[PDB]
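Below you'll find the structure, written out as structure tokens, and then a few comments.
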Amino acid sequence: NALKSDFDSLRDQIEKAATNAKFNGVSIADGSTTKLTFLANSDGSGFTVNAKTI
Amino acid sequence: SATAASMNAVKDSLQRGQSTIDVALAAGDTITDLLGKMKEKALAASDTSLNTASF
């Protein structure tokens, strides 16, 4: 029972640590969106970074 | 000599034309600077990683 409760605590910890990792409201580790596109060229062409949910 | 007097009349109109074009050129320089800045703004806003409150 003690080992199970330790396991459960650690799982809840993983969840908290994962959902708090936002910068400026946008994040690539929670799983909110599928990809983020940044500017890479003075004409609008983008640099694509896929989302890696953890 | 009447014709030389008429040339004296022509030169002022040429000068007035020059003046109007200078005013237009000044305004045009301002407009080109503004257009550059607008392109910068539009390019910055074309980003899809941007917050809802910066757009």
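Identifiers in the structure tokens: chain A, B, ... in order shown; residue index from 1 per chain; ligand index from 1 in order shown.
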
Quiz prompt | Exercise answer, chain B residues close to chain A, 9 Å and only C-alpha atoms, as JSON, numbers by chain | solution = {"B": [40, 43, 44, 46, 47, 48, 49, 50, 51]}

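The space between CA of residue 53 in chain B and CA of residue 23 in chain A spans 14.0 Å.
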
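CA of residue 41 in chain B sits 28.6 Å away from CA of residue 21 in chain A.
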
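Summary of the local environment: counting only C-alpha atoms, residues at most 9 Å from residue 31 in chain A, other than itself and those fewer than 4 positions away along its chain, are residues 19, 27, 51, 52, 53 and 54 of chain A.
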
Practice problem: Name the residues of range 2-53 of chain A that fall into strand (DSSP E or B) according to DSSP on the backbone, using the chain letters and numbers of this document, as an MDAnalysis selection string. | Solution: chainID A and resid 23 26 35:39 46:50

Self-check item: DSSP alpha helix (DSSP H) residues within chain A, as a VMD selection string
Solution: chain A and resid 2 to 19

Using N, CA, C and O atoms, can you write the selected residues to a file as a PDB file, in the first residue's frame?
ATOM      1  N   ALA A   2       1.956   1.236   0.754  1.00  0.00           N
ATOM      2  CA  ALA A   2       2.857   2.379   0.769  1.00  0.00           C
ATOM      3  C   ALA A   2       3.476   2.609  -0.601  1.00  0.00           C
ATOM      4  O   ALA A   2       3.545   3.750  -1.078  1.00  0.00           O
ATOM      5  N   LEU A   3       3.922   1.537  -1.257  1.00  0.00           N
ATOM      6  CA  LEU A   3       4.511   1.703  -2.581  1.00  0.00           C
ATOM      7  C   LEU A   3       3.479   2.198  -3.583  1.00  0.00           C
ATOM      8  O   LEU A   3       3.788   3.041  -4.435  1.00  0.00           O
ATOM      9  N   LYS A   4       2.241   1.720  -3.476  1.00  0.00           N
ATOM     10  CA  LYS A   4       1.193   2.202  -4.368  1.00  0.00           C
ATOM     11  C   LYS A   4       0.930   3.689  -4.163  1.00  0.00           C
ATOM     12  O   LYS A   4       0.750   4.437  -5.132  1.00  0.00           O
ATOM     13  N   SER A   5       0.864   4.130  -2.907  1.00  0.00           N
ATOM     14  CA  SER A   5       0.630   5.545  -2.648  1.00  0.00           C
ATOM     15  C   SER A   5       1.788   6.411  -3.132  1.00  0.00           C
ATOM     16  O   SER A   5       1.570   7.520  -3.641  1.00  0.00           O
ATOM     17  N   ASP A   6       3.023   5.916  -3.016  1.00  0.00           N
ATOM     18  CA  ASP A   6       4.163   6.627  -3.595  1.00  0.00           C
ATOM     19  C   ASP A   6       4.007   6.770  -5.104  1.00  0.00           C
ATOM     20  O   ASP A   6       4.220   7.851  -5.672  1.00  0.00           O
ATOM     21  N   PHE A   7       3.641   5.673  -5.764  1.00  0.00           N
ATOM     22  CA  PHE A   7       3.402   5.686  -7.201  1.00  0.00           C
ATOM     23  C   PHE A   7       2.361   6.734  -7.569  1.00  0.00           C
ATOM     24  O   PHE A   7       2.543   7.509  -8.517  1.00  0.00           O
ATOM     25  N   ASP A   8       1.259   6.773  -6.821  1.00  0.00           N
ATOM     26  CA  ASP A   8       0.182   7.698  -7.147  1.00  0.00           C
ATOM     27  C   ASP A   8       0.610   9.146  -6.968  1.00  0.00           C
ATOM     28  O   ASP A   8       0.290  10.008  -7.801  1.00  0.00           O
ATOM     29  N   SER A   9       1.356   9.425  -5.902  1.00  0.00           N
ATOM     30  CA  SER A   9       1.891  10.766  -5.708  1.00  0.00           C
ATOM     31  C   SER A   9       2.773  11.179  -6.873  1.00  0.00           C
ATOM     32  O   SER A   9       2.678  12.307  -7.372  1.00  0.00           O
ATOM     33  N   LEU A  10       3.660  10.284  -7.302  1.00  0.00           N
ATOM     34  CA  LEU A  10       4.579  10.635  -8.376  1.00  0.00           C
ATOM     35  C   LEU A  10       3.841  10.860  -9.687  1.00  0.00           C
ATOM     36  O   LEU A  10       4.214  11.738 -10.474  1.00  0.00           O
ATOM     37  N   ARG A  11       2.781  10.098  -9.938  1.00  0.00           N
ATOM     38  CA  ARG A  11       2.003  10.331 -11.151  1.00  0.00           C
ATOM     39  C   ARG A  11       1.331  11.702 -11.122  1.00  0.00           C
ATOM     40  O   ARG A  11       1.372  12.457 -12.109  1.00  0.00           O
ATOM     41  N   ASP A  12       0.718  12.051  -9.989  1.00  0.00           N
ATOM     42  CA  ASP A  12       0.136  13.385  -9.862  1.00  0.00           C
ATOM     43  C   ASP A  12       1.189  14.471 -10.039  1.00  0.00           C
ATOM     44  O   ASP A  12       0.923  15.524 -10.642  1.00  0.00           O
ATOM     45  N   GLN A  13       2.405  14.211  -9.565  1.00  0.00           N
ATOM     46  CA  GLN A  13       3.487  15.166  -9.756  1.00  0.00           C
ATOM     47  C   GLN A  13       3.809  15.339 -11.230  1.00  0.00           C
ATOM     48  O   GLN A  13       4.047  16.463 -11.688  1.00  0.00           O
ATOM     49  N   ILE A  14       3.873  14.237 -11.981  1.00  0.00           N
ATOM     50  CA  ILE A  14       4.164  14.351 -13.409  1.00  0.00           C
ATOM     51  C   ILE A  14       3.111  15.211 -14.082  1.00  0.00           C
ATOM     52  O   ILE A  14       3.424  16.065 -14.919  1.00  0.00           O
ATOM     53  N   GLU A  15       1.847  15.010 -13.714  1.00  0.00           N
ATOM     54  CA  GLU A  15       0.777  15.770 -14.358  1.00  0.00           C
ATOM     55  C   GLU A  15       0.920  17.261 -14.079  1.00  0.00           C
ATOM     56  O   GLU A  15       0.827  18.094 -14.993  1.00  0.00           O
ATOM     57  N   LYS A  16       1.163  17.617 -12.815  1.00  0.00           N
ATOM     58  CA  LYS A  16       1.359  19.025 -12.484  1.00  0.00           C
ATOM     59  C   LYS A  16       2.552  19.603 -13.230  1.00  0.00           C
ATOM     60  O   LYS A  16       2.464  20.685 -13.818  1.00  0.00           O
ATOM     61  N   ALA A  17       3.690  18.911 -13.188  1.00  0.00           N
ATOM     62  CA  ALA A  17       4.884  19.407 -13.864  1.00  0.00           C
ATOM     63  C   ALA A  17       4.659  19.593 -15.355  1.00  0.00           C
ATOM     64  O   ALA A  17       5.247  20.490 -15.963  1.00  0.00           O
ATOM     65  N   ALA A  18       3.804  18.768 -15.958  1.00  0.00           N
ATOM     66  CA  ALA A  18       3.561  18.879 -17.389  1.00  0.00           C
ATOM     67  C   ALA A  18       2.639  20.035 -17.730  1.00  0.00           C
ATOM     68  O   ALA A  18       2.876  20.742 -18.713  1.00  0.00           O
ATOM     69  N   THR A  19       1.585  20.253 -16.948  1.00  0.00           N
ATOM     70  CA  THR A  19       0.634  21.278 -17.363  1.00  0.00           C
ATOM     71  C   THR A  19       1.080  22.694 -17.033  1.00  0.00           C
ATOM     72  O   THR A  19       0.453  23.642 -17.510  1.00  0.00           O
TER      73      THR A  19
END
